[PDB]
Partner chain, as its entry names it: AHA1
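Shown below, as structure tokens, is a lone chain in the form deposited without the partner chain; questions about how it binds or moves come after it.
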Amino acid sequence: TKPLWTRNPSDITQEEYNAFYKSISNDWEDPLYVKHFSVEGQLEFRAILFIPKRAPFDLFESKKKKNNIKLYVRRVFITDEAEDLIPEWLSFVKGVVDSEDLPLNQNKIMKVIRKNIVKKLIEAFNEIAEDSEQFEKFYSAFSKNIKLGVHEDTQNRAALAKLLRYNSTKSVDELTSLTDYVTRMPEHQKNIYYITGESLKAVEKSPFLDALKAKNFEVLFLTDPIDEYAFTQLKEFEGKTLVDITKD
């Protein structure tokens, strides 16, 4: 009879998290991942956040951001329609946030909660990334929210960019991360090369690939306008510069 989130992650089992998830998500499936944590220091609060196995329908209105994360303050419900609690590109997250001090009434306290949540969720994505198979599932569902985050989040960009995934000349069937791309780059390669296009088919046989394939340089394939734009906002990854081959 004690709020699940107030319990230590160690004492909670799956199915307990699953049932609790069903209880708040209007979803029948178990969550893809569960991020239960607590924050201490200047501000104190607990939270259980979930990443759905699949992107919800959300085809009722024009907008979308209707984050139904239940907001509690010392175990007493307050609202499931909080504002600025979590970024718009992350609205797909479901769960509960229980704060010790009143989120008040913009408010400052709310901002530090939002900051910790973003930090924890990136932490959850890198975790899902440990299983390239379960990560594909997550990418198929929220690759759009990730790209959106890389575009909206300048302070967490580099980190989020580590979540992008693309096909390449050396990554045909399976997708690859920009980190693995870097690792694969030969000693004399200084740039991360890529090419933009309407589709994979249209980009796979570009004559611009010849000057690279012959020098055994891997090249990424971007087919989404958001990925393209994102790359100009990223510029560099891990130190390497992003270069569009079609240009030069």
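Only residues modelled in both forms are compared. Here, rigid core means the biggest group of C-alpha atoms that superpose within 1.5 Å across both forms. Residue numbers count along the first chain shown, from 1.
Unshown form deposited with the partner chain bound; subsequent notes refer to it.
- Contact check at 4.5 Å (heavy atoms) against the partner chain in the entry with it bound: none of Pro9, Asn145 and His151 pass.
- A single residue from the set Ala141, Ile109, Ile78, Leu175 has any heavy atom within 4.5 angstroms of the partner chain in the entry with it bound; that residue is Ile109.
- Between the partner chain and the residues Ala158, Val73, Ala82, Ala124, the one pair within 4.5 Å by heavy atoms in the entry with it bound involves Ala158.
- Shown alone here, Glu16 lies farther than 4.5 Å from the partner chain in the entry with it bound, counting heavy atoms only.
- Although the partner is absent here, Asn116 lies within 4.5 Å of the partner chain in the entry with it bound, judged by heavy atoms.
- Using a 4.5 Å cutoff between non-hydrogen atoms, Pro207 does not count as a contact of the partner chain in the entry with it bound.
- Contact check for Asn26: every heavy atom lies farther than 4.5 Å from the partner chain in the entry with it bound.
- With the partner chain omitted here, the record of contacts in the entry with it bound names 38 to 46 of 38 to 46, 198 to 206, 51 to 59, 216 to 224, defined by a heavy atom within 4.5 Å.
- Relative to the superposed core, shifted segments between the shown form and the other one, defined as three or more consecutive residues with every Cα moved by 2 Å or more, span 58 to 60, 102 to 105, 246 to 248.
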